[PDB]
Amino acid sequence: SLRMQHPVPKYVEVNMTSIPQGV
Amino acid sequence: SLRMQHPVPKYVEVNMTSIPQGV
Amino acid sequence: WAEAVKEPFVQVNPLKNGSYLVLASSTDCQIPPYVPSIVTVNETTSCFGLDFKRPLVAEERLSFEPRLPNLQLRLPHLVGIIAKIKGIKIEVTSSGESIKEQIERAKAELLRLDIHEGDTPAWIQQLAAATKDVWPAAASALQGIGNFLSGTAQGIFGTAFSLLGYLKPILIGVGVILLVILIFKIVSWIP
Amino acid sequence: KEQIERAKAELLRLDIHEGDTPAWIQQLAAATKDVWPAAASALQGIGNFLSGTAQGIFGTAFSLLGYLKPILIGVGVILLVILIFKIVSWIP
Amino acid sequence: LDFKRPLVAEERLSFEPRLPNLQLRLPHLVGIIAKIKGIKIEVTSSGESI
Amino acid sequence: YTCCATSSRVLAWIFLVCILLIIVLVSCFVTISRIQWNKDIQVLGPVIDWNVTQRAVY
Ligand SMILES: *[C@@H]1O[C@H](CO)[C@@H](O[C@@H]2O[C@H](CO)[C@@H](O[C@@H]3O[C@H](CO[C@H]4O[C@H](CO[C@H]5O[C@H](CO)[C@@H](O)[C@H](O)[C@@H]5O)[C@@H](O)[C@H](O[C@H]5O[C@H](CO)[C@@H](O)[C@H](O)[C@@H]5O[C@H]5O[C@H](CO)[C@@H](O)[C@H](O)[C@@H]5O)[C@@H]4O)[C@@H](O)[C@H](O[C@H]4O[C@H](CO)[C@@H](O)[C@H](O)[C@@H]4O)[C@@H]3O)[C@H](O)[C@H]2NC(C)=O)[C@H](O)[C@H]1NC(C)=O
Ligand SMILES: *[C@@H]1O[C@H](CO)[C@@H](O[C@@H]2O[C@H](CO)[C@@H](O[C@@H]3O[C@H](CO[C@H]4O[C@H](CO[C@H]5O[C@H](CO)[C@@H](O)[C@H](O)[C@@H]5O)[C@@H](O)[C@H](O[C@H]5O[C@H](CO)[C@@H](O)[C@H](O)[C@@H]5O[C@H]5O[C@H](CO)[C@@H](O)[C@H](O)[C@@H]5O)[C@@H]4O)[C@@H](O)[C@H](O[C@H]4O[C@H](CO)[C@@H](O)[C@H](O)[C@@H]4O)[C@@H]3O)[C@H](O)[C@H]2NC(C)=O)[C@H](O)[C@H]1NC(C)=O
Ligand SMILES: *[C@@H]1O[C@H](CO)[C@@H](O[C@@H]2O[C@H](CO)[C@@H](O[C@@H]3O[C@H](CO[C@H]4O[C@H](CO[C@H]5O[C@H](CO)[C@@H](O)[C@H](O)[C@@H]5O)[C@@H](O)[C@H](O[C@H]5O[C@H](CO)[C@@H](O)[C@H](O)[C@@H]5O[C@H]5O[C@H](CO)[C@@H](O)[C@H](O)[C@@H]5O)[C@@H]4O)[C@@H](O)[C@H](O[C@H]4O[C@H](CO)[C@@H](O)[C@H](O)[C@@H]4O)[C@@H]3O)[C@H](O)[C@H]2NC(C)=O)[C@H](O)[C@H]1NC(C)=O
Ligand SMILES: *[C@@H]1O[C@H](CO)[C@@H](O[C@@H]2O[C@H](CO)[C@@H](O[C@@H]3O[C@H](CO[C@H]4O[C@H](CO)[C@@H](O)[C@H](O[C@H]5O[C@H](CO)[C@@H](O)[C@H](O)[C@@H]5O)[C@@H]4O)[C@@H](O)[C@H](O[C@H]4O[C@H](CO)[C@@H](O)[C@H](O)[C@@H]4O)[C@@H]3O)[C@H](O)[C@H]2NC(C)=O)[C@H](O)[C@H]1NC(C)=O
Ligand SMILES: *[C@@H]1O[C@H](CO)[C@@H](O[C@@H]2O[C@H](CO)[C@@H](O[C@@H]3O[C@H](CO[C@H]4O[C@H](CO)[C@@H](O)[C@H](O[C@H]5O[C@H](CO)[C@@H](O)[C@H](O)[C@@H]5O)[C@@H]4O)[C@@H](O)[C@H](O[C@H]4O[C@H](CO)[C@@H](O)[C@H](O)[C@@H]4O)[C@@H]3O)[C@H](O)[C@H]2NC(C)=O)[C@H](O)[C@H]1NC(C)=O
Ligand SMILES: *[C@@H]1O[C@H](CO)[C@@H](O[C@@H]2O[C@H](CO)[C@@H](O[C@@H]3O[C@H](CO[C@H]4O[C@H](CO)[C@@H](O)[C@H](O)[C@@H]4O)[C@@H](O)[C@H](O)[C@@H]3O)[C@H](O)[C@H]2NC(C)=O)[C@H](O)[C@H]1NC(C)=O
Ligand SMILES: CCCCCCCCCCCCCCCCCCCC(=O)O[C@H](COC(=O)CCCCCCCCCCCCCC)COP(=O)(O)OCCN
Ligand SMILES: CCCCCCCCCCCCCCCCCCCC(=O)O[C@H](COC(=O)CCCCCCCCCCCCCC)COP(=O)(O)OCCN
Ligand SMILES: *[C@@H]1O[C@H](CO)[C@@H](O[C@@H]2O[C@H](CO)[C@@H](O)[C@H](O)[C@H]2NC(C)=O)[C@H](O)[C@H]1NC(C)=O
Ligand SMILES: *[C@@H]1O[C@H](CO)[C@@H](O[C@@H]2O[C@H](CO)[C@@H](O)[C@H](O)[C@H]2NC(C)=O)[C@H](O)[C@H]1NC(C)=O
């Protein structure tokens, strides 16, 4: 007997935008 | 603008057993 | 204005339209550090130890959002040391200041943080952190001579140098007494 | 008396430095102008000499000779220790 | 100024908070540190090392 | 005796040279560390422009 856990790929989309002058 | 792909964890269970003498 | 803050720094504001405003000293979920940004995700996930949810689809209307002009800003090289030794929020430049005026502003203040008999190792470690970006070879050297006075033995050399530093006035005094003997003893040999 | 003994220690410790002598001397003049106008005009002159005359080469020279002070003493001491021995090794 | 004797009151069920006690070690020369700044200045944290 | 007298002489010379070198090593360190600090103060500092795309890490 030998139980194991194999990792399987995935992903989450992340958009980013700027803030001119930090305002 | 800046589009990115962040990895997110997951897993698949995998059981294994033996074959005495290779028969 | 500049102001010293505690590390690690994390600030996350949930916006009403369903995005998040992030400013953080460290990376998570691919978000760059130090520069702020408006963040949106296509599927619920945990970032900076809290849940960033996917927003509800919206209908597009005519916008009235402002678009400010962009702006490059040059800061003094040692802005971190200037903000630290004030212990309050302090003015460091103007938007439209010259290289010359900007520098001649904390220079006298900064020069008078000189080496002392009582914290040479702690001083030498500041000089390294200040020199690292300019001359990395020198930094690594200074850092070494720092840890020698602090660490090697039980810091006995640090102790020895600290003490020989404070004795300086006594040593001169003795030194002067030796000359006054030597001169007389020499003159009282010549025929 | 109380009013004066209030920023005196603070103010005394804004002393002359090897790294901004010209910028210091120009403060001393502005501070002295109302008290002693003759001295101010002098100090202001010796200010502009270290800053302006040539390409400020004298400012540079004095700034550098200021930072070298510890090396010079060290050498000076080595000369005496030679001179004394060389002198004592002339006397019969 | 005059500290007056208060009027007798009737006892009801209380909801007053009881905070935890706390020892706090300050620097030996805290008075000289506060004096040469001439503003209200941060000197330690609750849970800082010597 | 002569060896003991010679030893005392040689010891004193090495003891003198020992100090006169330490005087030169400390003196040189103070000069160089203080100049570098002066140069550190007058270097050009960083630039900030609020551009996120510029700071992307893959
Ligand atoms: C597709 O098909 C394939 C088959 O073609 C499927 O693969 C087969 O799947 C089976 C599961 O249904 C596996 O069976 C399981 O095997 C486990 C491991 O067995 C070995 O270890 C045992 C424990 O060993 C340790 O602990 C003991 C003390 O307890 C120590 O002494 C040891 O040193 C170890 O530390 C051990 O008992 C087993 O020994 C037996 O087999 C070996 C040969 O393989 C012999 O040499 C031994 O003599 C012994 O066999 C005899 O004695 C036993 C009783 O002791 C009898 O049962 C035998 O008939 C025989 O007389 C192994 O060394 C087991 O742990 C596991 O036990 C479960 O079921 C029992 C009841 O039967 C329960 O009591 C347990 O609690 C537990 O639930 C089970 O038997 C097959 O190995 C595997 N076959 C192959 C070839 O890989 C596959 O899954 C299928 N796939 C799909 C998708 O369907
Ligand atoms: C929650 O709310 C927040 C808001 O609080 C939402 O975030 C906001 O989302 C908006 C999307 O709806 C974003 O707008 C988009 O910005 C994009 C990027 O804009 C910049 O780059 C542009 C291109 O630059 C490159 O290319 C040009 C040549 O084409 C070169 O010259 C450059 O060098 C670059 O290489 C550029 O045009 C923009 O410039 C404008 O803005 C800056 C300041 O930010 C000014 O300095 C500029 O002067 C200029 O503004 C003036 O001029 C423009 C026209 O040129 C006018 O529109 C202005 O009114 C003003 O007069 C930036 O530098 C854009 O690409 C993108 O364009 C889309 O839409 C247009 C039509 O409007 C189409 O034509 C395009 O094809 C494209 O589809 C869009 O405008 C906001 O940035 C963002 N706000 C913030 C603060 O982050 C968030 O999404 C919300 N969340 C949810 C869940 O709802
Ligand atoms: C105007 O308003 C103000 C309020 O704004 C009024 O002032 C308040 O008046 C109250 C009287 O009504 C005072 O309450 C009384 O406090 C007494 C002292 O409490 C302290 O000491 C206790 C004993 O400590 C010694 O002994 C123990 C062993 O028994 C040892 O372990 C110790 O080392 C000491 O040797 C101690 O129990 C108390 O501890 C509690 O409070 C502190 C914080 O102050 C906490 O750190 C503790 O954890 C603890 O709080 C928790 O646990 C207790 C139970 O143990 C709970 O009750 C709490 O809710 C909490 O979970 C203090 O260190 C008390 O002796 C006195 O007890 C009387 O009442 C009880 C029943 O409640 C009886 O059983 C007793 O027999 C006794 O009659 C009472 O509580 C307020 O202190 C005071 N407030 C302030 C801020 O000053 C003022 O009077 C008003 N004026 C007018 C005119 O009306
Ligand atoms: C606001 O905007 C101003 C203007 O851009 C910024 O100030 C300028 O910063 C830049 C970039 O750091 C400096 O560029 C360097 O220029 C020198 C040459 O300078 C000489 O010639 C200039 C000709 O126009 C002249 O303006 C200068 O005059 C100033 O300086 C003298 C001397 O101190 C002073 O007396 C005057 O009163 C003026 O203050 C001066 O005569 C050049 O040598 C540099 O070259 C380097 O960089 C380039 C490009 O990378 C490289 O190719 C070279 O090899 C070398 O490494 C560099 O181009 C500029 O001198 C600054 N100008 C002023 C007026 O200060 C300011 O930083 C912005 N402020 C803020 C807050 O953001
Ligand atoms: C918050 O709470 C902390 C923890 O209590 C307070 O800090 C402690 O203060 C006490 C009291 O002033 C100090 O007690 C002394 O301890 C030394 C021995 O210290 C050594 O052994 C410790 C073993 O646990 C170890 O933790 C120490 O490690 C620290 O120091 C080293 C060296 O600088 C440093 O490298 C480490 O990183 C740690 O910082 C250390 O190895 C002991 O010699 C003292 O004895 C005197 O007092 C007793 C009792 O009166 C007396 O019997 C003796 O004769 C002698 O007079 C004394 O017990 C303790 O060292 C402090 N601990 C730390 C971690 O700093 C802190 O003050 C509180 N903060 C605030 C803001 O209130
Ligand atoms: C992060 O930014 C991304 C841009 O790089 C966003 O992707 C865009 O999201 C919109 C959502 O409205 C998509 O629009 C959909 O388009 C499909 C069909 O695609 C075709 O037509 C569109 C125009 O309608 C065109 O842009 C495409 O090129 C295709 O030709 C429709 O079925 C939908 O109903 C909807 O109209 C954009 O297609 C998409 N653009 C790109 C370049 O991928 C993304 O949504 C952002 N993510 C987050 C988390 O905010
Ligand atoms: C038990 C251990 C064994 C004993 C070891 C010692 C044996 C000594 C033998 C006898 C000789 C005595 C020598 C006398 C030394 C006196 C030290 C003087 C220190 C001193 O006054 O300097 C002040 C503080 O700096 C300081 O005090 C910093 C001093 C320098 C620290 C760094 C030492 C490491 C040097 C590394 C050398 C390699 C580097 C590359 C060349 C600043 O000077 P100032 O008072 O003029 O004021 C200038 C403006 N503030
Ligand atoms: C290429 C050009 C030609 C070369 C010219 C130079 C040739 C020199 C020839 C060899 C002789 C060398 C002489 C050694 C001079 C060393 C200077 C020491 C400076 C120094 O240590 O002073 C410190 C900073 O002041 C300063 O550094 C300020 C120094 C004075 C600046 C003003 C000079 C103008 C004088 C005008 C004279 C007329 C006025 C009326 C009499 C402060 O002193 P401290 O370290 O003891 O600390 C006291 C508490 N901070
Ligand atoms: C969110 O965006 C990610 C982009 O990583 C989407 O991932 C894709 O999912 C499809 C299945 O529909 C896969 O076939 C693709 O290979 C994935 N693309 C990648 C990894 O680039 C994901 O589907 C989106 N999630 C939601 C809920 O819309
Ligand atoms: C296959 O097994 C993997 C084990 O890696 C399962 O992964 C878990 O999935 C749940 C979601 O239901 C997560 O909360 C756990 O953290 C995962 N466990 C891990 C990574 O150890 C996976 O769900 C299984 N897949 C199927 C289809 O049953």
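- Per the deposition metadata, cryo-EM was the technique used to determine this entry, at a resolution of 10.00 Å.

**A look at unusual backbone geometry**
Next, step 1: Cis rather than trans, the peptide bond between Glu7 of chain C and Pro8 of chain C has omega equal to 0°.
Next, step 2: One non-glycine residue, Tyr34 of chain C, lies in the positive phi region at around 75°.
Next, step 3: If you trace the backbone, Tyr34 of chain C turns up in the loop between β2 (20–24) and β3 (37–41).
Next, step 4: Judged by relative accessible area, which is 56%, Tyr34 of chain C ranks as exposed.
Next, step 5: For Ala54 of chain D, which is not a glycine, the phi torsion comes out positive at approximately 60°.
Next, step 6: With respect to the helices and strands, the residue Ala54 of chain D is situated in the loop between α3 (37–51) and α4 (57–88).
Next, step 7: Residue classification places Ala54 of chain D among the partly exposed positions, given a relative accessible area of 48%.

**Thoughts on the packing of helix α4 (residues 120–131) of chain C against helix α5 (residues 136–150) of chain C**
Residue and element names in this part refer to chain C.
Next, step 1: Where α4 meets α5, the axes come as close as 8 Å, and the angle between the chain directions of the two elements is 165°. When the axis of α4 is compared with that of α5, the two are roughly antiparallel. Handedness of the α4/α5 crossing: left-handed. Residues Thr120, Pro121, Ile124, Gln125, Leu127, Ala128 and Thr131 of α4 form the contact with α5, whose participating residues are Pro136, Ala138, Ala139, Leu142, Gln143, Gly146, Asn147 and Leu149.

**Points about the sheet that holds strand β1 (residues 3–6) of chain B**
Next, step 1: Here five strands make up an open sheet; going across it, the order is β1(B)-β2(A)-β3(C)-β2(C)-β1(C) and the pairing antiparallel. On the outer flanks of this sheet lie β1 of chain B together with β1 (10–14) of chain C, each paired with one strand and no other. Going across the sheet, the axis of each strand differs from the next one's by a mean of 30°, ignoring polarity.
Next, step 2: Where strand β2 (residues 12–17) of chain A and β1 of chain B come together, four bridges link them in antiparallel fashion. Residue pairing in the sheet places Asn15 of chain A in a bridge with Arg3 of chain B of β1 of chain B.

**Some remarks on the interface of chain F and chain C**
Next, step 1: On the side of chain C, 36 residues touch chain F, which itself brings 23 residues to the contact.
Next, step 2: Between chain F and chain C we count one salt bridge in total.
Next, step 3: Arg34 of chain F serves as the salt-bridge partner of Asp114 of chain C, at 2.8 Å between the closest nitrogen and oxygen.
Next, step 4: Along the contact surface separating chain F from chain C lie six residue pairs in polar contact.
Next, step 5: When contributions to the side of chain F that touches chain C are tallied by element, the ones reaching two or more residues are α1 (2–42) and β1 (47–48) of chain F.

**So, the site of ligand 1**
Next, step 1: Around ligand 1, the neighbouring residues are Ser1 of chain A together with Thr17, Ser18, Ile19 and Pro20 of chain B.
Next, step 2: Per-site note: the chains with residues close to ligand 1 are chains A and B.
Next, step 3: In this structure, an oxygen atom belonging to ligand 1 sits 2.2 Å away from a side-chain N or O atom of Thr17 of chain B.
Next, step 4: A breakdown of the residues in the shell around ligand 1 according to their chemical character gives two nonpolar, three polar and no charged.

**Looking at the state of the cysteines**
Next, step 1: The final tally for this structure, using the stated rule, is one disulfide over all chains.
Next, step 2: There is a disulfide in this structure between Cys29 of chain C and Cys47 of chain C, and the S-S distance comes to 2.0 Å. In this structure, the disulfide formed by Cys29 of chain C and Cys47 of chain C twists by about -110° around the S-S bond and is classed as left-handed. Residue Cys29 of chain C is found in the loop between β2 and β3, and its partner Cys47 of chain C is found in strand β4 (residues 45–47); the two are separated by 18 residues along the sequence. Exposure class is identical for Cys29 of chain C and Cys47 of chain C. Each is buried.
Next, step 3: In this structure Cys3 of chain F is a free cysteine whose sulfur lies 8.7 Å from that of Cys4 of chain F, the closest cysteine sulfur available.
Next, step 4: Free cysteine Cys18 of chain F: the closest other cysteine sulfur is in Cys28 of chain F, separated by 16 Å.
Next, step 5: The exposure class assigned to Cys18 of chain F is partly exposed, which follows from its relative accessible area of 40%.

**Digging into the packing of aromatic side chains**
Residues and elements named next belong to chain C.
Next, step 1: Counting across every chain of the model gives four aromatic pairs over all chains.
Next, step 2: Summarising the aromatic geometry, the rings of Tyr20 and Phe52 are spaced 4.5 Å apart at their centres and angled 15° between planes, so their arrangement reads as stacked. Of this pair, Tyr20 sits in strand β2 while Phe52 sits in strand β5 (residues 50–52), and the two are 32 residues apart along the sequence. We note that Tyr20, like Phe52, is buried.

**Focus on the pattern of salt bridges**
Next, step 1: Evaluated as defined, the whole model comprises 13 salt bridges over all chains.
Next, step 2: Where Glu13 of chain B meets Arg3 of chain A, a salt bridge forms, and the shortest distance between an N and an O atom there is 2.8 Å. Within this pair, whereas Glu13 of chain B is found in strand β2 (residues 12–15), its partner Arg3 of chain A is found in strand β1 (residues 3–6), the two belonging to separate chains.
Next, step 3: The exposed category is assigned to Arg3 of chain A, whose relative accessible area is 66%.
Next, step 4: When salt bridges with common partners are traced through the structure, they connect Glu91, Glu97 and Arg105 of chain C into a single cluster.

Conventions and cut-offs
Residues numbered from 1 in each chain as written, not as in the entry; some residues may be left out. Chains lettered and ligands numbered in written order. Part of a larger assembly, values for the part shown. Heavy atoms only, no water. Helix = DSSP H or I, 4+ residues; strand = E, 2+ residues; numbered from the N terminus. Buried < 20%, exposed > 50% of the residue type's maximum accessible area, 1.4 Å probe, protein only. Axes fitted to C-alpha atoms, helices over the stretch in contact; angles between N-to-C directions. Parallel < 35°, antiparallel > 145°, perpendicular 65-115°, else oblique. Left-handed = near helix turned anticlockwise from the far one by under 90°. Contact = heavy atoms within 4.5 Å. Pairing = 2+ DSSP bridges. Salt bridge = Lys/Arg side-chain N within 4 Å of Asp/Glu carboxyl O. Polar contact = N/O pair within 3.5 Å; in protein donor to acceptor, adjacent residues only side chain to side chain. Near = heavy atom within 4 Å. Nonpolar A, V, L, I, M, F, W, Y, C, P; charged D, E, K, R; others polar. Disulfide = S-S within 2.5 Å. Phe/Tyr/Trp six-rings, centres within 6.5 Å; stacked < 30°, edge-to-face > 60°.

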